């Protein structure tokens, strides 16, 4: 995944541009996805050595970022499993494009865990 704050920050700014410019998500989702990832990037700065190694911490902080986006897609459209499916692809593609415009290679390890987080979080509502 990411490590340097210069990479995680530019990843969020790309993501906040892809999300806010995505008509798939209603305005209630565009600003909630805004503050959710904005509260995360402010946290990926208050680390142990800030932009440092962390490992366990950086890993856990990545699953917090993934679960926050995974649940947000679920919690805002749990009534319709169809919208959940189309917004998962609209979110995942916005991720993959930002992995390319900041790193140059998509790491499916973080994207597959999101689709596994969305898949599990969907059934917990059932």
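Positions refer to the first chain, counted from 1.
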> Comparing 4-12 with 115-123, which has the greater mean CA B-factor as deposited?
Replying inline: 4-12
> Where do the C-alpha atoms have the higher mean temperature factor in this entry, in 93-101 or in 40-48?
Replying inline: 40-48
> Which one of 62, 88, 68, 27 shows the top CA temperature factor in the record?
Replying inline: 27
>> Lowest, middle or highest third: which one holds residue 76 when the chain's residues are ordered by CA B-factor from the entry?
In response: lowest
